[PDB]
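S.K.: pasting the sequence and an experimental structure:
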Amino acid sequence: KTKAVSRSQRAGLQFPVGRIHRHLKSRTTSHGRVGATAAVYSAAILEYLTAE
DNA sequence: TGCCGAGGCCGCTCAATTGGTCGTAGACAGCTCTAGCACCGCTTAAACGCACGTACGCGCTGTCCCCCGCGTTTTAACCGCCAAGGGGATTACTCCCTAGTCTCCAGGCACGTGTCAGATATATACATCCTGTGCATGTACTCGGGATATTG
């Protein structure tokens, strides 16, 4: 019980790391969506919404 | 000679762009939502990733041995051109019809919930189907000789 610190702010990102995990699991994916692979995927989505 | 005829420079007037100013109307940004339900933190008992000789499979390697590449030039018409003709694509106008606006109006159905079932998942036992292996011939192939078709 020490408050909470969202996975977005821990990563350094403005896109929602939690929401995207829960979207990847229950996509047409196989049965194991590692958590470090929702951070290298909020990033390589937010990067277009900068570069575009 | 002549004359003049033909000749070469400079203000109106109109017609697109260009940029400016007016005022007004939804639509954007933002607030407070409040509200709630997802994110998180916190455990657990959990699956599945992963760092790591060795059998050994095959990727790569040192040879010789030839066609298709490589080189030439004649020619052959392919491809380009220009110029003319005809029309059909184009332009500008007038009449016309509906596209579009708004407004009223209903119920069709897409929306939503309320219950809880036939569905399919998961286990254990298991038999069976299917793979990997080993194994004859049968053909589709490459060659040689002659007939038919077609180019020049």
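M.R.: Sure, I can see it. Numbers count the residues shown, from 1 in each chain, chains lettered A, B, ... in the order given.
S.K.: distance of residue A:52 from DNA strand B?
M.R.: Separation of residue A:52 from DNA strand B (C-beta to the nearest atom of the strand, to the nearest Å): 17 Å. C-beta coordinates here come from the backbone N, C-alpha and C atoms, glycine included.
S.K.: what's the answer for residue A:45, then?
M.R.: 15 Å.
S.K.: hey, where'd the helices end up in chain A?
M.R.: A:7-11, A:17-24, A:36-51 (DSSP state H).
S.K.: those: which one's closest to residue A:1?
M.R.: helix A:7-11 (18.1 Å; C-beta to C-beta).
S.K.: in that closest one, what counts as buried?
M.R.: A:7, A:8, A:11 (16 or more other C-beta atoms under 10 Å).
S.K.: what does that helix rub up against?
M.R.: Applying C-beta atoms under 8 Å, 6 or more residues apart in numbering, the external contacts of helix A:7-11 come out as A:14, A:15, A:16, A:17, A:18, A:35, A:38, A:39, A:42, A:43.
S.K.: thought the second one was touching residue A:47?
M.R.: So the one you mean is residue A:15. No: taking contacts as C-beta atoms under 8 Å, residue A:15 lies outside contact range of residue A:47: 9.7 Å.
S.K.: in terms of packing, which of the two has more residues around it?
M.R.: Using other C-beta atoms under 10 Å as the criterion, residue A:15 and residue A:47 rank with residue A:15 on top: 17 against 12.
S.K.: do you know how far the residue nearest to that one when sequence neighbours are not counted is from DNA strand B?
M.R.: Computed as C-beta to C-beta, 6 or more residues apart in numbering, the closest residue to residue A:15 that is not its neighbour in sequence is residue A:42, at 4.0 Å. Distance, residue A:42 to DNA strand B, by C-beta to the nearest atom of the strand: 11 Å.
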